[PDB]
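Below is one structure, written out as structure tokens, with a few remarks after it.
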Amino acid sequence: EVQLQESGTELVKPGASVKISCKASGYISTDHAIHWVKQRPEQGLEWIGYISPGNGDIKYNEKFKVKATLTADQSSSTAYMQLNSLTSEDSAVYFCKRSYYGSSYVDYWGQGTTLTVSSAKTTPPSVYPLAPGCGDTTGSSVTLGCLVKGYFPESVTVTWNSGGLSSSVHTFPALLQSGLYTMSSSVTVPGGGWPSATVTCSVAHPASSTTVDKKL
Amino acid sequence: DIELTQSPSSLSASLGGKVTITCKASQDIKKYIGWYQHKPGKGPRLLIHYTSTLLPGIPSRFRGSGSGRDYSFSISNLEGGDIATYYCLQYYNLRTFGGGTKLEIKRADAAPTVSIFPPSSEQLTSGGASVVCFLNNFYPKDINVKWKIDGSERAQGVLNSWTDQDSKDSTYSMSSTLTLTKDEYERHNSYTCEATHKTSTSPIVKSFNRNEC
Ligand SMILES: CCCC[C@H](NC(=O)CCC(=O)O)P(=O)(O)Oc1ccccc1
């Protein structure tokens with residue numbers, strides 16, 4: 001039906017230039033202008049500009065005039081946005097959407113492209129076990145953790161106890177430490193003293209091929 | 001271009017009551033403003049256009065109003081499922097969105113169960129030491145956690161990240177890691193995690209005595 005299909009994740013080095021697409025199927029490309037919208041980490045949306053494939057005018061956010069170049073390949077109904085001089089600040093999700101006219105039923109947005117911009121290369125995560133030490137332990141519950149330290153790029157799945165311990169798993173979002181990503185999780189299990197089923201955290205990082213199972 | 005101030009960002013709503021978001025423009029924008037909903041996971045869903053005109057399928061508990069520069073968005077019954085960010089979007093002259101209202105569900109205050117974790121031996125053999133202090137299940141979001149060595153407040157090395165609000169409990173948890181080099185770590189013994197949180201006047205301090213217990 002009407003779809004705006006976007007380019008897959010672009011991982012790229014600072015200073016470079018990227019070109020991201022919006023493949024407009026299911027309707028007549030020249031009918032609606034394509035706007036591109038920027039989605040900021042944690043919160044916020046920023047309009048970049050639009051290209052109308054009909055009369056051909058493009059209008060940009062003043063703020064993006066030098067950063068973005070908007071274009072459309074009319075023959076294939078693919079509109080592309082190019083981003084010049086990628087700083088780390090352009091890490092973001094970018095979306096294209098066809099304009100909404102009058103009172104139409106639904107507003108069509110693309111699925112977005114994530115651009116993570118950096119000079120780092122693929123690195124397997126360094127996993128370490130976190131278990132409470134000798135702090136009395138004569139009661140309460142126990143909280144066990146695993147520190148997924150230093151990896152690139154984002155994508156790490158920390159399955160607890162090969163799925164068994166779904167109970168209350170907190171998984172804290174990853175943040176950048178010195179150029180790589182660090183992240184962690186915690187499970188709390190019923191009362192004191194976990195030693196019975198070798199609890200195990202298992203973290204996997206797709207781009208690498210890594211499967212670490214730290215139990216002890 | 002026209003600026004569009006929108007407030008609040010964060011609203012703690014109780015499920016069952018109403019929320020009133022507001023966007024004030026820099027020029028008169030002639031009722032050309034729209035309101036979007038943006039949950040995690042999906043692209044923004046349009047809710048209202050040209051100030052008051054609801055969308056096909058959008059419920060009438062959502063309502064929109066306003067005229068010159070001032071405009072308001074209203075959700076009469078906050079439903080478990082309206083927890084999203086709402087941006088407004090003028091289009092009287094190019095397009096400009098408001099910063100957004102992140103809604104979260106308001107609930108009883110609850111105090112954090114703190115834990116501190118020593119370096120894992122394997123991290124030491126690598127040459128590093130991250131001490132990690134978990135602050136699980138509290139409300140509200142605000143917690144100020146201090147890291148101390150032998151009573152000495154260390155602030156660099158500290159990495160902090162919070163969990164999203166848990167669907168089935170409505171608390172938030174936090175993780176705090178202090179990354180130090182093997183040497184710095186071996187020259188000190190006490191490491192202290194100190195949460196200053198609304199639920200209690202006195203700071204929640206937790207310390208572990210290095211290795212020997
Ligand atoms: C509030 C809906 C009005 C949509 C705008 N459309 C009109 O201004 C067209 C005239 C008409 O109502 O017929 P547009 O989709 O271009 O702006 C954007 C730009 C970026 C994201 C979302 C919408």
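Labels used: A, B, ... for chains in the order of the structure tokens, numbers from 1 for residues in each chain, and numbers from 1 for ligands as shown.
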
Ligand 1 neighbours within 10 Å using only C-alpha atoms and all ligand atoms, as a PyMOL selection string: (chain A and resi 32-38+45-50+52+95-104+107-109) or (chain B and resi 32-36+44-51+53+88-97)

Proximal residues of chain A relative to chain B (only C-alpha atoms; 6 Å) as a PyMOL selection string: chain A and resi 44+105+132+172

Keeping only C-alpha atoms, write the selected residues as a PDB file, in the first residue's frame.
```pdb
ATOM      1  CA  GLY A  44      12.921  16.360  20.551  1.00  0.00           C
ATOM      2  CA  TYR A 105      -7.154   9.677   6.870  1.00  0.00           C
ATOM      3  CA  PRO A 132      27.500  -9.097  46.383  1.00  0.00           C
ATOM      4  CA  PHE A 172      20.107  -0.105  31.860  1.00  0.00           C
TER       5      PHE A 172
END
```

Residues flagged alpha helix (DSSP H) by DSSP in stretch 29-200 of chain B, as a ChimeraX atom specification: /B:122-126,182-186

For the selection you just gave me, I'd like the residues written to a file as a PDB file, in the first residue's frame, keeping C-alpha atoms.
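Output file result39.pdb is given in full below:
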```
ATOM      1  CA  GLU B 122      38.571 -10.466  35.996  1.00  0.00           C
ATOM      2  CA  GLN B 123      38.370  -6.664  35.544  1.00  0.00           C
ATOM      3  CA  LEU B 124      41.362  -6.211  37.871  1.00  0.00           C
ATOM      4  CA  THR B 125      43.507  -8.745  35.912  1.00  0.00           C
ATOM      5  CA  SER B 126      42.639  -6.669  32.813  1.00  0.00           C
ATOM      6  CA  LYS B 182      43.879  -0.945  38.941  1.00  0.00           C
ATOM      7  CA  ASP B 183      46.404   1.181  40.790  1.00  0.00           C
ATOM      8  CA  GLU B 184      44.050   3.895  41.989  1.00  0.00           C
ATOM      9  CA  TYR B 185      41.739   1.174  43.200  1.00  0.00           C
ATOM     10  CA  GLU B 186      44.424  -0.752  45.087  1.00  0.00           C
TER      11      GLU B 186
END
```

Atomic separation - atom CA of residue B:67 relative to atom CA of residue B:52, Å: 10.2 Å

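With only C-alpha atoms as the basis for measurement, B:135 is the residue among B:180, B:110, B:135, B:105 that approaches residue A:185 most closely.
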
Nearest residue to residue B:200 from the set B:16, B:151, B:112, B:68 (distances using only C-alpha atoms): B:112
